[PDB]
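# Architecture and fold: a report
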Amino acid sequence: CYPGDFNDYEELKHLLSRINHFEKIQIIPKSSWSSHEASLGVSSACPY
Amino acid sequence: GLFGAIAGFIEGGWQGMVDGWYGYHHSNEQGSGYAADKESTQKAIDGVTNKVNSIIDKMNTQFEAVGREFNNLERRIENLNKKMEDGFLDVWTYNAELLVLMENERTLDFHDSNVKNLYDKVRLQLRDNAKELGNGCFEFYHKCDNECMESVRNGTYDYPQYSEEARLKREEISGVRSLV
């Protein structure tokens, strides 16, 4: 929705050809962001 | 199968005919005995030998696969390579099977006529002079010794030499004398 490109996109989808199930786990909590501001990375390009 | 002979009216082959593929068995005053027809076995071998070398020759250009090495993020042409070689190796494996399956049918039927064409050869020489006994075998009217067997064996029998002899026998086992 925010435009650009997905580097090596097809090589991935192909790798997704062999996978039957994901499990999304949390590697970096949004809460734990230190001395930056994680909350205000939004854009009208991507409306919810 | 197709031609009528092998596993047909000639019920079963003989174990006694050791020297060749098709042949003769006779029975007369002097002896009994088997004798392979070499001429026409040798012609059948010619044709099978040629069939075998026919294939061999036809698959010297068959698809040779030398390998290629591939990267981690080239994964999907690595695959394209694998799809291809697996592809061709399926297409030629099919071919090599189907050809054999097809040539085997043709070969077993080749013998089947070989035998029958032999029989019909014997038959066309000996005509009225012999009885078609109906199981692969003929009994002669005129009594025919070893030297005369050969002629049938080597296809130069002489009808008009035993004619009377034979047709004196036809003349009588027709019960035609029995009116005097």
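Residues numbered from 1 in each chain as written, not as in the entry; some residues may be left out. Chains lettered and ligands numbered in written order. Part of a larger assembly, values for the part shown. Heavy atoms only, no water.

Per the PDB record, the structure was determined using X-ray crystallography to 3.20 Å resolution.

## Thoughts on the overall build of chain A
Keep this limit in mind: What counts as a helix is a DSSP run of H or I of at least four residues, what counts as a strand is a run of E of at least two, and both are numbered from the N terminus. Only protein chains enter the accessibility calculation, which uses a 1.4 Å probe; a residue whose area is less than 20% of its type maximum is buried, one above 50% is exposed, and one in between is partly exposed. Computed with a 1.4 Å probe, the accessible areas rest on the Shrake-Rupley method; for each residue, only the protein chains presented here act as cover.
A tally of helices and strands in chain A yields one helix and zero strands. Expressed as lengths along the three principal axes of its C-alpha atoms, the size of chain A is roughly 40 × 25 × 20 Å. With 48 residues in all, chain A has 4% of them scored as buried. Total accessible area computed for chain A in this model is approximately 5200 Å², and 55% of it derives from carbon and sulfur atoms.

## Quick notes on the interface of chain B and chain A
Here is the rule we go by: Any two residues whose heavy atoms approach within 4.5 Å are treated as being in contact. Buried surface area refers to the total accessible area, computed with a probe of radius 1.4 Å, that the two partners give up upon joining, counted for both partners together. Just to be clear on terms, a salt bridge is a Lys or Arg side-chain nitrogen sitting within 4 Å of an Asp or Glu carboxyl oxygen. Polar contacts here mean pairs of N or O atoms no more than 3.5 Å apart (in protein, one a potential hydrogen donor and the other a potential acceptor; neighbouring residues in sequence count only if both atoms are side-chain atoms).
Contacts between chain B and chain A engage five residues on the former and five residues on the latter. Taken over both partners, the interface formed by chain B and chain A buries close to 480 Å², and the fraction arising from carbon and sulfur atoms is 48%. Summed over the shared surface of chain B and chain A, the number is one salt bridge. Seen at the junction of chain B and chain A, the total is two residue pairs in polar contact.

## Details of the state of the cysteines
Residue and element names in this part refer to chain A. Definition in use: For the purposes of this analysis, a disulfide is any pair of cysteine sulfur atoms at a distance within 2.5 Å.
Inspection of every chain in the model, using the stated rule, returns two disulfides over all chains. Shown here is the disulfide that connects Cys1 with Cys46, its sulfur atoms set 2.1 Å apart. Note on the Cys1 and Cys46 pair: the S-S dihedral is about 105 degrees, so by sign convention the disulfide is right-handed. Note that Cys1 is positioned in the segment before α1 (9–15) and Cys46 in the segment after α1, a separation of 45 residues in sequence.

## Here's the deal with the UniProt feature "coiled-coil region" (unreviewed entry) in chain B
Note the following rule: UniProt positions are given in the numbering used here, feature names are shortened, and annotations may be inferred rather than shown by experiment.
In the numbering used here, UniProt assigns the feature "coiled-coil region" (unreviewed entry) to residues 56–90 of chain B. Annotation note: span residues 56–90 of chain B, helix share 54%, strand share 0%, distance between end C-alpha atoms 19 Å.

## Observations concerning helix α3 (residues 146–153) of chain B
In an α-helix, one turn spans 3.6 residues; hence positions three or four apart end up facing the same way. Residue and element names in this part refer to chain B. Restricting attention to buried positions, one finds in α3 the residues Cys148, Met149, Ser151, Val152 and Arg153. Against the buried residues of α3 lie β1 (23–27), β2 (32–36), α2 (75–125) and β4 (138–140). Near the N-terminus of α3, the side chain that reaches the backbone nitrogen of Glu147, with its oxygen 2.9 Å away, is that of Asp145. Just beyond α3, the residue with positive phi is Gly155, at close to 50 degrees.

## What about the layout of surface pockets?
Residues and elements named next belong to chain B. Just so we agree on the cut-off: Of the two site types, the cavity is a set of points on a 1 Å grid over the protein atoms alone where a 1.4 Å probe fits but cannot get out, and the pocket is an open set with protein on both sides within 12 Å along at least five of seven lines, each lined by residues with an atom within 4 Å of a point. Grid points are joined across faces, edges and corners, and a volume is the space filled by probe spheres set on the points.
Roughly 1100 Å³ of internal volume is contained in the largest pocket. Looking at the largest pocket, it is lined by 40 residues, and the ones nearest its centre are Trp14, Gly23, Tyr24, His25 and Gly136. Counting only elements with at least two residues in the lining of the largest pocket, the list comes to β1, α2, β4 and α3. Examining the composition of the lining of the largest pocket, we find that six residues originate from one element, α2, more than from any other.

## Concerning the environment of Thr107(B)
All names here are of chain B. Within the element layout of this structure, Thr107 appears in helix α2. For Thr107, a relative accessible area of 16% corresponds to the buried category. Linking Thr107 and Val48, residues 59 residues apart in sequence, is a C-alpha distance of 7.6 Å. Engagement of the side chain of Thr107 in a polar contact is seen with the side chain of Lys51, the distance being 2.7 Å.

## Notes on the pattern of salt bridges
Residues and elements named next belong to chain B. The tally for this structure, following the rule as stated, stands at seven salt bridges over all chains. For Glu78, the salt bridge is made with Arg75, and the minimal N-O distance between the two is 3.2 Å. Here the residue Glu78 and the residue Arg75 both occupy positions in helix α2, the gap between them amounting to three residues, near one helical turn. Judged by relative accessible area, which is 31%, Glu78 ranks as partly exposed. Residue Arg75 is classed as partly exposed on the basis of its relative accessible area, which comes to 36%. Here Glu171 ties to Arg177 by a salt bridge, and the two come within 3.9 Å at their closest N and O atoms. Residues participating in the shared-partner salt-bridge network are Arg167, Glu171 and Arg177.

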